[PDB]
Amino acid sequence: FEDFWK
Amino acid sequence: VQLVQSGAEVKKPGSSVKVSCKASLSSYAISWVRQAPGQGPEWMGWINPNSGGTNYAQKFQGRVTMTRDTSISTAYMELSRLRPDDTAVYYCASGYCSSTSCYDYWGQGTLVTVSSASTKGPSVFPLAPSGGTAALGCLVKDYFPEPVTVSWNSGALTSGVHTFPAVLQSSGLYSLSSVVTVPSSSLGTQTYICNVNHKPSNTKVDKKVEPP
Amino acid sequence: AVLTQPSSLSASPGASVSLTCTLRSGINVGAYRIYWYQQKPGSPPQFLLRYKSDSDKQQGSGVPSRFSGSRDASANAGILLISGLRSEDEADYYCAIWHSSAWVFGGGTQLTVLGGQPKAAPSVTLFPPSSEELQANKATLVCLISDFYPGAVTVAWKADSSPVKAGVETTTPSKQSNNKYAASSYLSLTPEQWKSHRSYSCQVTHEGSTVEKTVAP
């Protein structure tokens with residue numbers, strides 16, 4: 001998926 | 001499911017502290033966020049668990065190191081040459097986002113207290129005692145660091161009890177008081193003991209409040 | 001001043017509320033995903049949702065639908081909306097953006113949910129120093145204000161007729177079990193100061209009505 005903090 | 005951080009720390013100005021954040025790791029970046037008492041969150045940086053690559057906020061660049069051990073799957077955050085202003089609850093966090101939703105995970109947090117004061121147990125003093133009511137309590141004064149807990153009659157008395165938030169005095173020591181409203185008819189017969197526990201100094205005190 | 005939020009907001013249950021996260025001019029709101037967090041006392045911040053536009057938004061896993069994002073180009077402000085406004089929603093609310101290669105957080109908004117509490121006058125009890133503290137060669141006057149609503153008080157100390165600020169520490173009003181407010185203030189002196197003066201006063205102002213209690217050696 002996608003990184004939360006980037 | 002869970003990030004679990006190390007226990008509370010107390011430090012002198014100029015020393016360092018190392019806080020761990022153990023996953024019960026990820027493939028997503030573990031970010032470190034701190035919160036000073038009565039303040040908003042402050043982002044410190046992240047670490048990539050696969051690479052070990054870091055990205056620190058400019059403020060902390062110089063005196064912060066973030067590492068990981070994928071064997072035990074715990075992230076570390078070391079802050080060097082500590083300032084009193086570094087007194088905060090340090091959180092670790094990680095998550096991921098789909099097109100639909102996001103799944104964030106925070107640690108319980110780690111209180112780090114930085115001050116030139118040394119660990120000290122509290123002096124507990126009784127506050128001896130309308131519509132037939134009387135007010136009495138305990139004054140828990142001059143202790144460090146912060147977390148003390150106050151119960152009454154070993155927790156059996158909850159109704160009409162209020163334990164106030166702590167005050168950081170100019171001396172650098174903390175203070176709070178707990179109050180209980182009771183009927184006047186009970187003061188000679190019913191026993192009221194406040195149980196003060198300051199775990200940082202391993203001091204437990206049980207003081208009974210009596211009318212003179 | 002990248003991100004700014006209102007300090008406080010109060011509304012009753014069942015209604016809807018809007019929380020603003022104002023961006024500094026030049027930092028266009030339309031270009032950023034605004035991250036929203038809820039934080040109840042003692043717990044870490046918990047993610048609500050991130051919102052850039054109606055075409056670009058992600059909810060928090062297990063966060064009710066009544067929490068919804070919005071924005072306004074003219075005000076240059078991201079918006080968080082809450083519909084249910086349960087008493088559970090009483091917390092601090094922080095916004096965050098990824099700006100200039102760093103995570104920036106707002107100052108936070110303290111959302112208070114009113115429990116239909118009627119106005120209550122404060123009960124003020126001023127405690128003199130205990131015999132035990134005096135034998136420990138210290139003195140602390142404990143002025144305890146309780147059972148007032150709404151939770152806003154001003155506390156003033158006087159040694160004789162002279163007003164005091166030195167040696168005074170006052171707690172912000174905090175919620176009781178019965179949803180009324182209490183506040184504590186301490187005037188720390190020496191035993192010599194305690195006995196040297198004739199009276200000490202603790203004045204409490206709530207909703208424009210004043211209560212003063214006195215203690216003497």
# chains A, B, ... in the order shown; residues from 1 in each chain; ligands from 1

$ interface_residues --of "chain C" --to "chain B" --cutoff "6 Å" --atoms "only C-alpha atoms" --output "MDAnalysis selection string"
chainID C and resid 58:61 103 107

$ closest_atom_pairs --of "chain A" --to "chain B" --cutoff "6 Å" --atoms "only C-alpha atoms" --output "CSV"
residue,atom,partner,partner_atom,distance
A:1,CA,B:98,CA,5.5
A:2,CA,B:97,CA,5.1
A:3,CA,B:96,CA,4.8
A:4,CA,B:96,CA,4.6

$ interface_residues --of "chain C" --to "chain A" --cutoff "10 Å" --atoms "only C-alpha atoms" --output "mmCIF file with N, CA, C and O atoms, in the first residue's frame"
data_model
loop_
_atom_site.group_PDB
_atom_site.id
_atom_site.type_symbol
_atom_site.label_atom_id
_atom_site.label_comp_id
_atom_site.auth_asym_id
_atom_site.auth_seq_id
_atom_site.Cartn_x
_atom_site.Cartn_y
_atom_site.Cartn_z
ATOM 1 N N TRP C 98 2.559 17.387 6.054
ATOM 2 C CA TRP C 98 3.942 17.210 5.650
ATOM 3 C C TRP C 98 4.386 18.453 4.870
ATOM 4 O O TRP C 98 4.111 18.568 3.674
ATOM 5 N N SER C 101 9.484 19.119 4.111
ATOM 6 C CA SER C 101 10.204 17.882 4.417
ATOM 7 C C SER C 101 10.241 17.618 5.929
ATOM 8 O O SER C 101 11.254 17.158 6.457
ATOM 9 N N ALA C 102 9.125 17.905 6.611
ATOM 10 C CA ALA C 102 8.967 17.616 8.036
ATOM 11 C C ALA C 102 7.476 17.574 8.392
ATOM 12 O O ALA C 102 6.665 18.272 7.783
ATOM 13 N N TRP C 103 7.136 16.738 9.378
ATOM 14 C CA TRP C 103 5.795 16.664 9.944
ATOM 15 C C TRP C 103 5.589 17.813 10.937
ATOM 16 O O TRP C 103 6.265 17.880 11.965
#

$ atom_distance --atom1 "CA of residue 126 (chain C)" --atom2 "CA of residue 214 (chain C)"
6.9 Å

$ closest_residue --among "C:180, C:190, C:217, C:130" --to "residue 209 (chain B)" --atoms "only C-alpha atoms"
C:130

$ atom_distance --atom1 "CA of residue 110 (chain C)" --atom2 "CA of residue 91 (chain C)"
6.0 Å

$ residues_around --residues "residue 78 (chain C)" --least-positions-apart "6" --cutoff "6 Å" --atoms "only C-alpha atoms" --output "ChimeraX atom specification"
/C:20-21,71

$ residues_around --residues "region 136-149 of chain C" --least-positions-apart "5" --cutoff "9 Å" --atoms "only C-alpha atoms" --output "ChimeraX atom specification"
/B:127,139,162,177,179 /C:117-131,173,176,178-194,200,202,204,206,213,215

$ write_last_selection --atoms "N, CA and C atoms" --output "compact mmCIF listing (two decimals), in the first residue's frame"
# COMPACT_ATOMS: atom_id res chain seq x y z
N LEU B 127 -4.85 17.12 55.69
CA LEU B 127 -5.65 18.33 55.69
C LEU B 127 -6.91 18.07 56.52
N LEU B 139 -2.15 16.43 51.44
CA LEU B 139 -1.23 17.23 50.63
C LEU B 139 0.05 16.43 50.40
N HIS B 162 -11.67 13.81 44.91
CA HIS B 162 -11.02 14.49 43.80
C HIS B 162 -9.52 14.63 44.09
N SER B 177 -2.65 17.58 45.78
CA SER B 177 -3.50 17.27 46.90
C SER B 177 -4.71 16.47 46.41
N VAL B 179 -8.75 15.40 47.78
CA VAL B 179 -9.82 15.86 48.66
C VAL B 179 -10.92 14.81 48.66
N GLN C 117 -25.32 20.54 32.32
CA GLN C 117 -25.07 20.85 33.73
C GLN C 117 -25.55 22.28 34.01
N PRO C 118 -26.33 22.52 35.09
CA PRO C 118 -26.71 23.87 35.49
C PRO C 118 -25.54 24.60 36.17
N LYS C 119 -25.58 25.93 36.15
CA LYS C 119 -24.58 26.77 36.81
C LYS C 119 -24.55 26.41 38.31
N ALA C 120 -23.33 26.24 38.84
CA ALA C 120 -23.10 25.89 40.24
C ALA C 120 -22.06 26.85 40.83
N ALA C 121 -22.33 27.34 42.04
CA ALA C 121 -21.42 28.23 42.77
C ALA C 121 -20.30 27.40 43.40
N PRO C 122 -19.04 27.89 43.39
CA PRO C 122 -17.91 27.13 43.93
C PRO C 122 -17.90 27.07 45.47
N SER C 123 -17.59 25.88 46.01
CA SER C 123 -17.33 25.68 47.43
C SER C 123 -15.82 25.80 47.67
N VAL C 124 -15.43 26.79 48.49
CA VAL C 124 -14.03 27.11 48.73
C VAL C 124 -13.68 26.74 50.18
N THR C 125 -12.68 25.86 50.33
CA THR C 125 -12.14 25.45 51.62
C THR C 125 -10.65 25.77 51.66
N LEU C 126 -10.27 26.72 52.52
CA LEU C 126 -8.88 27.12 52.72
C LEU C 126 -8.33 26.40 53.96
N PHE C 127 -7.33 25.53 53.73
CA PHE C 127 -6.69 24.76 54.78
C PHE C 127 -5.43 25.48 55.26
N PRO C 128 -5.27 25.69 56.59
CA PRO C 128 -4.01 26.20 57.13
C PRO C 128 -2.94 25.11 57.10
N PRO C 129 -1.66 25.43 57.41
CA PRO C 129 -0.61 24.41 57.45
C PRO C 129 -0.87 23.42 58.59
N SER C 130 -0.71 22.12 58.30
CA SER C 130 -0.89 21.07 59.29
C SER C 130 0.23 21.15 60.33
N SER C 131 -0.07 20.67 61.55
CA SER C 131 0.89 20.65 62.66
C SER C 131 2.15 19.86 62.28
N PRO C 173 -8.68 24.39 36.19
CA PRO C 173 -9.90 23.64 36.52
C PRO C 173 -10.00 22.32 35.75
N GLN C 176 -14.64 16.86 37.59
CA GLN C 176 -14.90 15.94 38.70
C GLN C 176 -15.66 14.72 38.17
N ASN C 178 -18.71 14.06 39.01
CA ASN C 178 -20.11 14.51 38.85
C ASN C 178 -20.22 15.58 37.76
N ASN C 179 -19.15 15.76 36.97
CA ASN C 179 -19.13 16.61 35.76
C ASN C 179 -19.16 18.10 36.12
N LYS C 180 -18.97 18.43 37.40
CA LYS C 180 -18.65 19.79 37.83
C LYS C 180 -17.13 19.92 37.88
N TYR C 181 -16.64 21.14 38.13
CA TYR C 181 -15.21 21.43 38.06
C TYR C 181 -14.66 21.75 39.45
N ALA C 182 -13.37 21.44 39.63
CA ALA C 182 -12.61 21.77 40.82
C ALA C 182 -11.27 22.38 40.39
N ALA C 183 -10.71 23.22 41.27
CA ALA C 183 -9.40 23.82 41.09
C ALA C 183 -8.71 23.94 42.45
N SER C 184 -7.38 23.78 42.45
CA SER C 184 -6.56 23.86 43.65
C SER C 184 -5.47 24.92 43.45
N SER C 185 -5.18 25.66 44.53
CA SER C 185 -4.10 26.63 44.56
C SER C 185 -3.35 26.50 45.89
N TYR C 186 -2.03 26.72 45.83
CA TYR C 186 -1.14 26.57 46.98
C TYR C 186 -0.30 27.84 47.16
N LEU C 187 -0.27 28.35 48.39
CA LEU C 187 0.65 29.42 48.79
C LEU C 187 1.65 28.85 49.79
N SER C 188 2.87 28.57 49.31
CA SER C 188 3.94 27.98 50.11
C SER C 188 4.75 29.10 50.77
N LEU C 189 4.86 29.04 52.10
CA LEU C 189 5.64 29.99 52.89
C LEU C 189 6.56 29.21 53.83
N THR C 190 7.26 29.96 54.69
CA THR C 190 7.99 29.44 55.83
C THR C 190 7.06 29.45 57.04
N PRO C 191 7.40 28.76 58.15
CA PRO C 191 6.69 28.94 59.42
C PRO C 191 6.80 30.38 59.97
N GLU C 192 7.95 31.03 59.76
CA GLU C 192 8.18 32.40 60.25
C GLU C 192 7.27 33.39 59.50
N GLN C 193 7.10 33.19 58.19
CA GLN C 193 6.20 34.03 57.37
C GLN C 193 4.74 33.78 57.77
N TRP C 194 4.39 32.51 57.97
CA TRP C 194 3.04 32.08 58.36
C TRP C 194 2.59 32.82 59.62
N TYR C 200 -4.39 35.23 56.17
CA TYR C 200 -4.16 34.92 54.77
C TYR C 200 -5.52 34.68 54.09
N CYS C 202 -7.80 33.75 50.44
CA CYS C 202 -7.88 33.10 49.14
C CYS C 202 -9.20 33.51 48.47
N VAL C 204 -11.78 33.81 45.36
CA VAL C 204 -12.19 33.00 44.22
C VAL C 204 -13.34 33.71 43.50
N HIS C 206 -16.03 33.43 40.35
CA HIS C 206 -16.74 32.54 39.42
C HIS C 206 -18.03 33.21 38.94
N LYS C 213 -12.23 33.18 51.60
CA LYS C 213 -12.04 32.48 52.86
C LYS C 213 -10.70 32.90 53.47
N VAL C 215 -7.73 32.29 56.85
CA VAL C 215 -7.13 31.49 57.90
C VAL C 215 -6.10 32.36 58.63

$ select_by_dssp --residues "region 14-108 of chain B" --states "strand (DSSP E or B)" --output "ChimeraX atom specification"
/B:17-23,30-35,41-47,54-56,64-69,74-79,88-97,101-106
